[PDB]
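Engineer: Just dropping this structure here.
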Amino acid sequence: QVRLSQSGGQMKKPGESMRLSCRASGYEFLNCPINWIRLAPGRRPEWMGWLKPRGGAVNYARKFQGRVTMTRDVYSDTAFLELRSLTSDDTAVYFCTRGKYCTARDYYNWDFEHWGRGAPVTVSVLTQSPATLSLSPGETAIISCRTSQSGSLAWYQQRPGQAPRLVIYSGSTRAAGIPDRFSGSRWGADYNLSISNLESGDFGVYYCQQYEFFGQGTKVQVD
Amino acid sequence: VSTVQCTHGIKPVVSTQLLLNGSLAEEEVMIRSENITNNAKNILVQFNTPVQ
Amino acid sequence: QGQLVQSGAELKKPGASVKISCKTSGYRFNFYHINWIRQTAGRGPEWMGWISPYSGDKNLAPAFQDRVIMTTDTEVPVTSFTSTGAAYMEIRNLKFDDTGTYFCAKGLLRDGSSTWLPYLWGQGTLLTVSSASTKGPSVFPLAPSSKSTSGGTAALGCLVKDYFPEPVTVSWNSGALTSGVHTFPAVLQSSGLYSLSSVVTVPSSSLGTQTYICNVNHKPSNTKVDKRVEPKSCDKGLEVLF
Amino acid sequence: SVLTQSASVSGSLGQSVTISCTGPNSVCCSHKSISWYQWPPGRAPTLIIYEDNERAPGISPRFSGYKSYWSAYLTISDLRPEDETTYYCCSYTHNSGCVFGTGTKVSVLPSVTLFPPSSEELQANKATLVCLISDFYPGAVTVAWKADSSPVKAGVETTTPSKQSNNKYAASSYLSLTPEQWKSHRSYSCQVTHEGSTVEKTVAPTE
Amino acid sequence: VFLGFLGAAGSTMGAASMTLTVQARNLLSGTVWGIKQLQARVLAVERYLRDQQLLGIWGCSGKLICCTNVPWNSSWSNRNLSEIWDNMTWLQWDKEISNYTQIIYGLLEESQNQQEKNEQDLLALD
Amino acid sequence: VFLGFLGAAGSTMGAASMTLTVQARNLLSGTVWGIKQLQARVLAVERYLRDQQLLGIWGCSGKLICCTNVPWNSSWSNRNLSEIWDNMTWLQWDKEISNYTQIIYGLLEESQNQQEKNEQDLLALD
Amino acid sequence: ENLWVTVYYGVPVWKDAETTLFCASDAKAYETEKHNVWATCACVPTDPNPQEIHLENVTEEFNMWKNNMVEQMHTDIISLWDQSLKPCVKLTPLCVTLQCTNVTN
Amino acid sequence: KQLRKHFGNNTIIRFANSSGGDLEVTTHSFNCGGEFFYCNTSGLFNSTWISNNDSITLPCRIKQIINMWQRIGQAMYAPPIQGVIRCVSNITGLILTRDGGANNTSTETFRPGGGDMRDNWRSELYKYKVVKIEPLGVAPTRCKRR
Ligand SMILES: *[C@@H]1O[C@H](CO)[C@@H](O[C@@H]2O[C@H](CO)[C@@H](O[C@@H]3O[C@H](CO[C@H]4O[C@H](CO[C@H]5O[C@H](CO)[C@@H](O)[C@H](O)[C@@H]5O)[C@@H](O)[C@H](O[C@H]5O[C@H](CO)[C@@H](O)[C@H](O)[C@@H]5O)[C@@H]4O)[C@@H](O)[C@H](O[C@H]4O[C@H](CO)[C@@H](O)[C@H](O)[C@@H]4O)[C@@H]3O)[C@H](O)[C@H]2NC(C)=O)[C@H](O)[C@H]1NC(C)=O
Ligand SMILES: *[C@@H]1O[C@H](CO)[C@@H](O[C@@H]2O[C@H](CO)[C@@H](O[C@@H]3O[C@H](CO[C@H]4O[C@H](CO)[C@@H](O)[C@H](O)[C@@H]4O)[C@@H](O)[C@H](O[C@H]4O[C@H](CO)[C@@H](O)[C@H](O)[C@@H]4O[C@H]4O[C@H](CO)[C@@H](O)[C@H](O)[C@@H]4O)[C@@H]3O)[C@H](O)[C@H]2NC(C)=O)[C@H](O)[C@H]1NC(C)=O
Ligand SMILES: *[C@@H]1O[C@H](CO)[C@@H](O[C@@H]2O[C@H](CO)[C@@H](O[C@@H]3O[C@H](CO[C@H]4O[C@H](CO)[C@@H](O)[C@H](O)[C@@H]4O)[C@@H](O)[C@H](O[C@H]4O[C@H](CO)[C@@H](O)[C@H](O)[C@@H]4O)[C@@H]3O)[C@H](O)[C@H]2NC(C)=O)[C@H](O)[C@H]1NC(C)=O
Ligand SMILES: *[C@@H]1O[C@H](CO)[C@@H](O[C@@H]2O[C@H](CO)[C@@H](O[C@@H]3O[C@H](CO[C@H]4O[C@H](CO)[C@@H](O)[C@H](O)[C@@H]4O)[C@@H](O)[C@H](O[C@H]4O[C@H](CO)[C@@H](O)[C@H](O)[C@@H]4O)[C@@H]3O)[C@H](O)[C@H]2NC(C)=O)[C@H](O)[C@H]1NC(C)=O
Ligand SMILES: *[C@@H]1O[C@H](CO)[C@@H](O[C@@H]2O[C@H](CO)[C@@H](O[C@@H]3O[C@H](CO[C@H]4O[C@H](CO)[C@@H](O)[C@H](O)[C@@H]4O)[C@@H](O)[C@H](O)[C@@H]3O)[C@H](O)[C@H]2NC(C)=O)[C@H](O)[C@H]1NC(C)=O
Ligand SMILES: *[C@@H]1O[C@H](CO)[C@@H](O)[C@H](O)[C@H]1NC(C)=O
Ligand SMILES: *[C@@H]1O[C@H](CO)[C@@H](O)[C@H](O)[C@H]1NC(C)=O
Ligand SMILES: *[C@@H]1O[C@H](CO)[C@@H](O)[C@H](O)[C@H]1NC(C)=O
Ligand SMILES: *[C@@H]1O[C@H](CO)[C@@H](O)[C@H](O)[C@H]1NC(C)=O
Ligand SMILES: *[C@@H]1O[C@H](CO)[C@@H](O)[C@H](O)[C@H]1NC(C)=O
Ligand SMILES: *[C@@H]1O[C@H](CO)[C@@H](O)[C@H](O)[C@H]1NC(C)=O
Ligand SMILES: *[C@@H]1O[C@H](CO)[C@@H](O)[C@H](O)[C@H]1NC(C)=O
Ligand SMILES: *[C@@H]1O[C@H](CO)[C@@H](O)[C@H](O)[C@H]1NC(C)=O
Ligand SMILES: *[C@@H]1O[C@H](CO)[C@@H](O)[C@H](O)[C@H]1NC(C)=O
Ligand SMILES: *[C@@H]1O[C@H](CO)[C@@H](O)[C@H](O)[C@H]1NC(C)=O
Ligand SMILES: *[C@@H]1O[C@H](CO)[C@@H](O)[C@H](O)[C@H]1NC(C)=O
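Sequence order for the protein chains is G, C, U, Y, H, D, S and X.
Going letter by letter, the first sequence gives residues -3 to 219 in the numbering used here.
Going letter by letter, the second sequence gives residues 17 to 68 in the numbering used here.
Going letter by letter, the third sequence gives residues 6 to 247 in the numbering used here.
Going letter by letter, the fourth sequence gives residues 536 to 742 in the numbering used here.
Going letter by letter, the fifth sequence gives residues 12 to 137 in the numbering used here.
Going letter by letter, the sixth sequence gives residues 12 to 137 in the numbering used here.
Going letter by letter, the seventh sequence gives residues 1372 to 1476 in the numbering used here.
Going letter by letter, the eighth sequence gives residues 70 to 215 in the numbering used here.
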């Protein structure tokens, strides 16, 4: 089974640098890139970059160019990241992710089916609606996300204190272990995720995703 | 569309970044990408006039 | 099994020329001829000519042999068996007897004895050749009236009065309200101006739950009017229900 | 036109009707092909018969064609209410184009609402009474106007009966009046006569 | 005119029926890395004998063209004679009939030459 | 009744002559260790074309059954018509005729279609 | 009037698939010899007069990113590199300690 | 001018060299005369284009022990080549990568990439595809026997 094992979180001071590791297992490390995404509470998730272990190729987000350094150890299948000149804005939980489709022939990076446990680091478009949704067990939740670019859209679920789990990809295709209660629909630029017969496990926060961009999130809580 | 039994002479030039000894494009230089909005997919550029 | 969409209706003075387009989609544009057939109120149905987009051979009627030019663009492939294309035609030396509806039609077969035969037709483009100049319409709101007291239904609408030339398109709420809409043909007054009326039958209980905006479009004068039909009626047979 | 069809032909429901399409030898019919088209006035025509006796794709087998040496014919078995329209024929070949005929009008054997002139029209100032007629058959009605129970012969105009989409007919009549006559008469009426029965709607400016 | 192998690919079925003897001719054509072509020309001749076996068990044997005693079911895309041979390509036709190819094949190998040849065995003894 | 492949093996030759279209149908059937089946199905198709060649050069071509203008030699186990088709299996018959199979084959490929077809070439020119 | 099925053999009908491609590399390149340069050893000589038949009226969809010829060529060059390095001298006793120094400059 | 047809008409396109990684990705890796060069492509991708006489020399390193195609298990020692090696080639195309997480700003930055050698084959096999012939086609017509 595909497993991403991350190093723990840490508390840094402003001006310092941080380094994180993520050991992949259960698949051929060279087949597809590993991504690094930061999630700050009540903030749009930020994709930092990807690395192809084959050749060590890298691609950094504009915001981080000159500050971030991504490398890998092919022998230990471990991906490393470093972030310099830390400021209060960098406080967030940092994840390493791997896409769902990853064979020898080709891949698709942005359907993040595999996530590390995350590392909490404290240093001291896509229009998603509604912001919040208070519903009772049994009802149906309809979350909406408006795009402007189109392309394989995904829905993720984050449970309080757990790593996000891929729920839907391609706008209408369920992932492994996802029951029929979850369903996706599309009309023009609009995307709807419908969760029927709500239950305790379903509550959390949900995100829409289009390539490296994420929505502001929708907190679904029990009422 | 035309049909052929054998393709033209393709030299297996193993190189990176700069495509060497390739086929020139027609008219304007060509830009090919599987997903332009995707910044993770490489962008193959084909020239019309070769750079010596 | 495709679709032929033509350009909008234009108004041209006698002596000038006019170019009517005909975009096709949903089939191979090069596999069928493009016939052009007009219809006036004085000469009946008349076949003008056809043109084959693949080669470019044309065959015009002797009546339109010296004043009609047919042109076709290249085929834009969509699938392996369907495509999108566009055919044009330019008729010069317009006269008063050229006023009528002009259609473009797709051929029936590729081979045989009836290859060019007009099979699939368009919606038609009305062409008016007149000196009498363009006059804008005058939209007046038609007050809702009582249609059935026991039923609690009414009928409100708009009045397009004094316009030239034809036609005038009237929609409701940008094409949202279509059920129960009855548009009556216009009347030819003694002055030569047309005037039609549109009326939609709606229940009386709908007042502050639906906005009634009649959209009158008159492209020859390049003018659009969006009138807010007041839901408050004046018919005594309907006020009892309110 | 040189291709002559039948002026008018009729037929009862559930029966047949034959439409003629003849002309000189230069257009019909030796070594010539004949086609037929269902062309509703104001709508797009539909190909029915091509190559004398062959039916167009998707055409019900109720239609049939037959060509002799001097004229061609079209038999429509089992008549439908939506078959009462104009049907044209075409004399053509493989090289030359189409030479349509004169046409054949095939005959297969009311809600009135009067609107008074709006307030915006009274500030122009004009006055036009609108008598709308809908959902009536057959298309043959007469419209008479009255100014306070007295015949009106000025400014009376009525449109031709047009077939709707629900296989029924509609029309509209208009009365052009002056702002003085609108405020000098107690009421105005719009009598519509159909098959002897005369319906009448009356509006009153006094109320 | 000789458009060549796969020449009349975009032409109608009636027009492409004239080029049958062209695509049939070039269908057979007469340490590792040398077995790469061996296993390929073996699958090539297995594909050829597969089609020849289907062509033999049916009421054809004689290649190119052959007729059969099977009524065309209207559910198999009810088109007209002049709408198939003069208004449709073979690729476009096979795209529609792909659902019923195996059904027709079953109505050709079983219902025909198994009942027809036995009938001839009954007709040839007298 | 359909006994299946090799069904009427113990039945008389006359009874087993009804199951000819069953053993003929399943006769063709459509890194090392993978070449084990390749060389076998290649010998399978070589054995098939071998029998088809013998069936073609003789006065048959049309498979299953065909008649010939060859007198039955009494030395080839002189049996009667009713003693063969109603009292002998195909295995028992082939066990006796195994000596003369090659002789008859020679009298079938050479004496017939080489002298008969040339005779037809002489009969078809006039 | 009732139609009857007829089998046609040799119709221009193709479907997208993947098969085993073989090589071709002219006839002058084989004269380059030098103990089999690169790959050309048992490769079939290229046809002197190749034929390219323009399929009129034909519109076919291509996909360079889902094309199997790329994967086949890649694996072919990899196997080529291995077969080209199998009979060569192996430098197993070359990982000895190297007492290195600067170049004479 | 062709890049502005896909990322907006009035935009700034900036060129920067590789972000980092292995030597085969950050440098122009190629073979010439048997030797394996790795050239510095920082003088070619150092520009900034707004909406509207000599040679550029690049420092090239030479490696003899290579592990191309990211292969582990087989390391090849390129034997030395006698004589001055000179080679003239054609630059006929590029393999570029675009930087992500933009949102803000109208400029776009492109850097040299590579790694996957399949892209080198995709630059020549884009106009070819393999199809299989199915010559058996049934079709209705007014033909039978007795
Ligand atoms: C190589 O160059 C070629 C050009 O030669 C090129 O091909 C064109 O590529 C361009 C992109 O640059 C295309 O233009 C885009 O088309 C996208 C796809 O359109 C399909 O999908 C539409 C949506 O379908 C879903 O939704 C409907 C309704 O809900 C649903 O019913 C279906 O089930 C489906 O689920 C679809 O409607 C559309 O169909 C219309 O369009 C075709 C013509 O394209 C037309 O013939 C049909 O009759 C029908 O009217 C089409 O099938 C597309 O998403 C996009 O539109 C979005 O973006 C624009 C803004 O950019 C938005 O305004 C718009 O609102 C949408 O959000 C745009 O139209 C074009 O389709 C390609 N041409 C062909 C033939 O494929 C390549 O892209 C180039 N390649 C590279 C690598 O550069
Ligand atoms: C893109 O495509 C271009 C076009 O081909 C290509 O350029 C080629 O570059 C290579 C170098 O990498 C060239 O191949 C070498 O060329 C040199 C110099 O050529 C001179 O000699 C010939 C002799 O007639 C003259 O005609 C010519 O004009 C020049 O004056 C040769 O010396 C090389 O020969 C040796 O090397 C080969 C490979 O190592 C051997 O196979 C060959 O047998 C030779 O080996 C013998 O001679 C050596 C001489 O010292 C000796 O030391 C050895 O031990 C051995 O005994 C070689 O042919 C080529 O010339 C260029 N092409 C052209 C048209 O000139 C690019 O390389 C290509 N890009 C990529 C990335 O591949
Ligand atoms: C590619 O796809 C196209 C369709 O887009 C094909 O072209 C059509 O082919 C059909 C026939 O299969 C055409 O129909 C014929 O038009 C001819 C036009 O004649 C003039 O032009 C030719 C060429 O310049 C001249 O030599 C001749 O002198 C004329 O000046 C007619 O003569 C035809 O009528 C005759 O043939 C029909 C049978 O088709 C008979 O029934 C008639 O009685 C008469 O004898 C016919 O109308 C059509 O013209 C073609 N298209 C174009 C644009 O010309 C291609 O066939 C297809 N590709 C391939 C490879 O087939
Ligand atoms: C790479 O590194 C290696 C060493 O690991 C080098 O190989 C050695 O190179 C040095 C040169 O710096 C060689 O030293 C020379 O040896 C010559 C051999 O002469 C022999 O015979 C004479 C009698 O005729 C004896 O006296 C002598 O001891 C030898 O047994 C000498 O003749 C040379 O002397 C000349 O040059 C010196 C330079 O200062 C002068 O002072 C002298 O007067 C005289 O002109 C010299 O001593 C050594 O032999 C090489 N060893 C091997 C094993 O090959 C490479 O040179 C080096 N390469 C680079 C690029 O750095
Ligand atoms: C065998 O050959 C291998 C080549 O495939 C060599 O592997 C590489 O060795 C270099 C060093 O020369 C490494 O680069 C360094 O990595 C360190 C990592 O520091 C962190 O890890 C160490 C060890 O756990 C720890 O002590 C530190 O505190 C850090 O936590 C960097 O700090 C350096 O700056 C430098 O980048 C490569 O990472 C390594 N790569 C691989 C794939 O192994 C190997 O060294 C050779 N064996 C020997 C004995 O030299
Ligand atoms: C990316 O490519 C896929 C495959 O053709 C396509 O479905 C998708 O729409 C593309 N995305 C964009 C944004 O064009
Ligand atoms: C013909 O098709 C129809 C509709 O699918 C079906 O009811 C019938 O069984 C079919 N008959 C044959 C002989 O295939
Ligand atoms: C033509 O199509 C119609 C409608 O499906 C059908 O009634 C008729 O049998 C077809 N005729 C031929 C000759 O295919
Ligand atoms: C093929 O059969 C399926 C399932 O019945 C259906 O969805 C599809 O429309 C059919 N297509 C054709 C071309 O008959
Ligand atoms: C028939 O058998 C006898 C004796 O075995 C032999 O002499 C004769 O040659 C045989 N006939 C033929 C045609 O071989
Ligand atoms: C029957 O068998 C006998 C004895 O071998 C033989 O004399 C006779 O010719 C045979 N008759 C037939 C018809 O086979
Ligand atoms: C087969 O031939 C041999 C040699 O003449 C002989 O001994 C044997 O009896 C023959 N068997 C049969 C069944 O004819
Ligand atoms: C890019 O060029 C800069 C010079 O400004 C150099 O410092 C850097 O190492 C280069 N990076 C790569 C990956 O070539
Ligand atoms: C490439 O060249 C730039 C500019 O001289 C330099 O800063 C950089 O360090 C060089 N890269 C390497 C790997 O030497
Ligand atoms: C890139 O170009 C600019 C402008 O000429 C120059 O200032 C800078 O030093 C260059 N970078 C390198 C690494 O040469
Ligand atoms: C490379 O470019 C040069 C310069 O024009 C040209 O002479 C040569 O033929 C080209 N090589 C090719 C196209 O293989």
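Ideal Cβ placement from N, Cα and C applies to all residues, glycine included.
(1) So, helix, strand or coil for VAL175 (chain U), using DSSP?
(2) At a Cβ threshold of 7 Å, is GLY102 (chain X) touching chain H?
(3) Could you spell out where the alpha helix (DSSP H) holding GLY49 (chain U) opens and where it closes?
(4) Give the list of continuous alpha helix (DSSP H) stretches no shorter than 4 residues that lie fully inside the segment 1403 to 1471 of chain S.
(5) For chain C, find out if any of its Cβ atoms is closer than 7 Å to the Cβ of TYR207 (chain G); answer yes or no.
(6) By the 9 Å beta-carbon criterion, what residues does the segment 55 to 70 of chain H contribute toward chain D?
(7) Could you tell me the boundaries of the beta strand (DSSP E) in which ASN588 (chain Y) lies?
(8) With a threshold of 7 Å on Cβ separation, who are the neighbours of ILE47 (chain C) within its own chain once the five nearest residues in sequence on each side are excluded?
(9) Does the segment 13 to 20 of chain G come within contact of the segment 70 to 82 of chain G, defined as at least 3 CB pairs closer than 8 Å?
(10) Which stretch, first to last residue, makes up the beta strand (DSSP E) that contains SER21 (chain G)?
(11) Ordered along the chain, which non-local residues of its own chain (more than five positions away) have a Cβ less than 7 Å from that of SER12 (chain U)?
(12) Residue 770 (chain Y): buried (16+ other C-beta within 10 angstroms of its C-beta) or exposed?
(13) Give every residue of the same chain whose Cβ lies closer than 6 Å to the Cβ of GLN8 (chain U), excluding the five residues on either side of it in the sequence, and list them in chain order.
(14) So which residues on chain H does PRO592 (chain Y) lean against when the C-beta distance must stay under 7 Å?
(15) Do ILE164 (chain G) and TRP183 (chain G) count as a contact pair if the criterion is CB distance below 7 Å?
(16) Among X:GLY103, X:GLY169 and X:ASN109, whose alpha-carbon lies nearest the alpha-carbon of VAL153 (chain X)?
(17) Apply the 10 Å Cβ neighbour rule to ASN1473 (chain S) and answer buried if 16 or more other Cβ atoms are within range, or exposed otherwise.
(18) Any beta-carbon of chain H closer than 7 Å to the one on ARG115 (chain U)?
(19) List, from N- to C-terminal side, the beta strand (DSSP E) runs of 3 residues or more that fit wholly inside the segment 20 to 105 of chain H.
(20) Anything with a beta carbon under 6 Å from a heavy atom of ligand 9 counts; list them all in chain order.
(21) Per DSSP, what kind of secondary structure is residue 232 (chain G) in: helix, strand or coil?
Structural biologist: Taking the definition as stated:
(1) What you label residue 175 (chain U) is simply residue 170 of the third sequence in a count that begins at 1. Residue state, collapsed to three classes: strand.
(2) Here residue 102 (chain X) is taken as the residue at index 33 of the eighth sequence, counted from 1. Not an interface residue.
(3) Residue mapping note: residue 49 (chain U) aligns to position 44 of the third sequence, counting from 1. That residue, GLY49 (chain U), is in no alpha helix (DSSP H); its beta strand (DSSP E) goes 49 to 56.
(4) Those alpha helix (DSSP H) runs which fall completely within the segment 1403 to 1471 of chain S and span 4+ residues are 1439 to 1456.
(5) Along the first sequence, one-based indexing puts residue 207 (chain G) at 211. Yes, its Cβ sits closer than 7 Å to a Cβ of chain C.
(6) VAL56, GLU57, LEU60, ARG61, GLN64, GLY67 and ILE68
(7) For the purposes of this step, residue 588 (chain Y) is taken as residue 53 along the fourth sequence, with counting starting at 1. That residue, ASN588 (chain Y), is in no beta strand (DSSP E); it is neither H nor E in DSSP.
(8) Translated into the one-based positions of the second sequence, residue 47 (chain C) becomes position 31. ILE59 and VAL61, listed in sequence order.
(9) Judged by Cβ distances under 8 Å, the segment 13 to 20 of chain G makes contact with the segment 70 to 82 of chain G, as three or more pairs qualify.
(10) Position 25 of the first sequence, counting from 1, holds the residue named residue 21 (chain G). Counting along the chain, the beta strand (DSSP E) containing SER21 (chain G) begins and ends at 14 to 21.
(11) Along the third sequence, read from residue 1 onward, the residue named residue 12 (chain U) stands at position 7. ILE25, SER26 and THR130, listed in sequence order.
(12) Outside the displayed span of chain Y (536 to 742) sits residue 770 (chain Y), for which this structure offers no information.
(13) Looking up residue 8 (chain U) in the third sequence gives position 3. If we look at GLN8 (chain U) and ignore the five residues flanking it on each side, its Cβ neighbours are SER30 and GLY31.
(14) The residue labelled residue 592 (chain Y) in the question sits at position 57 within the fourth sequence. Going along chain H in sequence order, the residues near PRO592 (chain Y) (Cβ under 7 Å) are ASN91 and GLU94.
(15) Mapped onto the first sequence, residue 183 (chain G) falls at position 187. Mapped onto the first sequence, residue 164 (chain G) falls at position 168. Cβ distance not < 7 Å, so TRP183 (chain G) and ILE164 (chain G) don't count as in contact.
(16) Locating residue 153 (chain X) in the eighth sequence gives position 84, where the first residue counts as 1. Comparing Cα-Cα distances from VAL153 (chain X) to each of X:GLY103, X:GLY169 and X:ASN109, the minimum goes to X:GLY103.
(17) Your numbering for residue 1473 (chain S) matches position 102 in the seventh sequence. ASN1473 (chain S) should be labelled exposed.
(18) Position 110 of the third sequence, counted from the start, is the residue given in the question as residue 115 (chain U). At least one CB of chain H lies nearer than 7 Å to the CB of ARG115 (chain U).
(19) Fully enclosed beta strand (DSSP E) runs of 3 or longer: 78 to 82.
(20) H:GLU107 and H:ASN110
(21) A query on residue 232 (chain G) cannot be resolved here, the shown segment of chain G reaching from -3 to 219 and no further.
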